[PDB]
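*Asks:* let me start by giving you these chains from the complex, positioned as in the assembled structure:
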Amino acid sequence: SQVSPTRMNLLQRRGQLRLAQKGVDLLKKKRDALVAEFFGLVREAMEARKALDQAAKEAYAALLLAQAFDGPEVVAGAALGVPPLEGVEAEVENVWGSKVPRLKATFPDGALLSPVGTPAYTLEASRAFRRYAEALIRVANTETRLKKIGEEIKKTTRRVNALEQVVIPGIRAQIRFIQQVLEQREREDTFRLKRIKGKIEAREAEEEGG
Amino acid sequence: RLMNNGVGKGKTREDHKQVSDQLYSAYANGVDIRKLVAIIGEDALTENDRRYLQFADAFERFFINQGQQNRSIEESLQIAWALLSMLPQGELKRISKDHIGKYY
């Protein structure tokens, strides 16, 4: 049905590998570099973050100081000098490793909106929020790189595998099948020819003899 | 080619005939998984896939190889039973339905 033509195509299917085999190999370790390289950013990512999380935690906890109780007050009493929420300005990083959104939510998180320095803990503490926002970005943006870096590798190998693990030997066995038949044809010829010789020789036995 | 001469009790134990197909059908349901592992990661699972996993793991040099220990249908099947005990023995269903108690 759908198998060979049976013939001469052999050469193309010989060339199958030329295309396949040679290209596809190499593709693997290309990006391997980038994933390797990813890690520097990952390492650095949380570095300051965790540090300055605890130096966040200062202010959080210094809420409770004389303003645990005025947390209640504060949550109104300080809240709105700035847009709360969004300003997420979606960013492309466009590479092999496609494009996904990253972003800087580049709107401020603010902190001054009140006078005197008002209740006090407030201002410096509100200032801590900066050091949430800003800092969170590092990781926000390194992990989106991560997701890129997952994909490739995974996807990659999926084909690696495929090539290695179906393609090549399948097409091998084709050629052979072909070959062999073609080849065996030689014989038939010969088989015929043999008899032909037999004829020529029979003629030559009983036309020279008789 | 023959697998039904020499068969059945009066020639065999109860379980000879059965635990054949059990094992067969067991190993099978291993192998499928093991294909997909590098090519779906290890992220789709159940632990009864961890079990079918484990039968296969079990099945290997543990069963298949037996060195030159001169075996017997007992000597075999005993540890043939071992394999199944990994599994939900209720999820052995190429046997009698109490065979799960007629050996462990």
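*Replies:* Done, it's in. Numbers count the residues shown, from 1 in each chain, chains lettered A, B, ... in the order given.

*Asks:* need the contact list for residue A:97.
*Replies:* Residue A:97 makes contact with A:31, A:34, A:145, A:148-149, A:151-152, according to CB atoms under 8 Å, 6 or more residues apart in numbering or on different chains. To be clear about C-beta, it is placed using only N, CA and C from the backbone, and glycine gets the same treatment.

*Asks:* narrow those to those in helices?
*Replies:* A:31, A:34, A:145, A:148-149, A:151-152 (DSSP state H).

*Asks:* will you turn these into a markdown table that also has neighbour count and distance to residue B:80?
*Replies:* A markdown table is the format used below for these (neighbours: other CB atoms under 10 Å in any protein chain shown; distance: CB to CB, whole Å):
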| residue | neighbour count | distance to residue B:80 |
| --- | --- | --- |
| A:31 | 18 | 47 |
| A:34 | 16 | 50 |
| A:145 | 20 | 52 |
| A:148 | 21 | 49 |
| A:149 | 21 | 46 |
| A:151 | 13 | 44 |
| A:152 | 18 | 45 |
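
*Asks:* ok, the closest residue to chain A within chain B - contacts?
*Replies:* Closest approach between chain B and chain A, counting by CB to the nearest CB: residue B:39, at 5.8 Å. For residue B:39, the contact set (CB under 8 Å, 6+ apart) comprises A:157-158, A:161.

*Asks:* can I get those in TSV including distance to chain B?
*Replies:* Below are those laid out as TSV (distance: CB to the nearest CB, whole Å):
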residue	distance to chain B
A:157	7
A:158	6
A:161	6
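
*Asks:* most neighbours among these, which one?
*Replies:* For those, counting by other CB atoms under 10 Å in any protein chain shown, the largest number of neighbours falls to residue A:157: 15 neighbours.

*Asks:* name the element residue A:23 belongs to?
*Replies:* Per DSSP states H and E, residue A:23 falls inside helix A:10-26.

*Asks:* what's the angle between the helix of greatest length in chain A and helix A:10-26?
*Replies:* Longest helix in chain A, counting residues (DSSP H): helix A:168-203. Interaxial angle, helix A:168-203 versus helix A:10-26 (axes from the mean of the first three to the mean of the last three CA atoms, to 10 degrees): 160 degrees.

*Asks:* which other helices and strands contact helix A:168-203?
*Replies:* helix A:10-26 (3 or more CB pairs under 8 Å, 6 or more residues apart in numbering or on different chains; DSSP states H and E).

*Asks:* add chain C to the structure above:
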Amino acid sequence: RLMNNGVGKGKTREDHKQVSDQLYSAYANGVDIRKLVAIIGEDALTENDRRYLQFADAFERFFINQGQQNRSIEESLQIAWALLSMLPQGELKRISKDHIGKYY
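*Replies:* Once chain C is put in with the chains from before, the structure reads:
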């Protein structure tokens, strides 16, 4: 693939061996880069390995193409250096520092 005991020294010039085998691995090395253009360009790489791009470029242009221009072995040797000039030593390392230190 027979010319080991053809290549020879002050005879057919000593350095020619390793010089050939500089440009040998170097050429092919640059054909490695050759494709991966659709990937991240070939501008996003790193320099050194990129340099082998330029290797090719000159290899085909200058080294290979020679129209009908009757070249001479010695003129051919020139080329080698030049193309390699794209490259620091530390890549140039079949060859000993003296010879590249004679040809640069």
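
*Asks:* who's in contact with the helix holding residue A:23?
*Replies:* A:159-160, A:163, A:167-168, A:171, A:174-175, A:178-179, A:182, C:32, C:35-36.

*Asks:* so which residues on chain A come close to chain C?
*Replies:* With CB under 8 Å from any CB of the partner chain as the criterion, chain A meets chain C at residues A:23, A:26, A:30-31, A:95-96.

*Asks:* just the buried residues of the contacts of helix A:10-26.
*Replies:* A:160, A:163, A:167-168, A:171, A:174-175, A:178, C:36 (16 or more other CB atoms under 10 Å in any protein chain shown).

*Asks:* among those, which one sits closest to chain B?
*Replies:* Distances from chain B to the buried ones among the contacts of helix A:10-26, taken by CB to the nearest CB, are shortest for residue A:160, at 9.8 Å.

*Asks:* isn't the closest one right up against residue A:29?
*Replies:* No. Counting by CB atoms under 8 Å, residue A:160 does not reach residue A:29; the two are 10.4 Å apart.

*Asks:* for the residue sitting nearest the centre point of chain B, give me its contacts.
*Replies:* Using CA atoms, centre = their mean, the residue of chain B that lies closest to the mean C-alpha position is residue B:23, 3.0 Å off. By CB under 8 Å, 6+ apart, residue B:23 lies in contact with B:59, B:80, B:83.

*Asks:* 7 Å instead, please
*Replies:* Neighbour list for residue B:23: residue B:80 [criterion: CB atoms under 7 Å, 6 or more residues apart in numbering or on different chains].

*Asks:* am I right that it is in a strand?
*Replies:* No. Using DSSP: H, G, I helix; E, B strand; the rest coil, the assignment for residue B:23 is helix, not a strand.

*Asks:* residue B:90: neighbouring residues, count only.
*Replies:* Quick note: residue B:90 (other CB under 10 Å) scores 8 neighbours.

*Asks:* what's around the residue lying closest to residue A:154 once chain neighbours are set aside, how many residues?
*Replies:* Spatial nearest neighbour of residue A:154, chain neighbours left out: residue B:41 (7.3 Å); criterion: CB to CB, 6 or more residues apart in numbering or on different chains. Residue B:41 sits with 11 neighbouring residues when counted by other CB under 10 Å.
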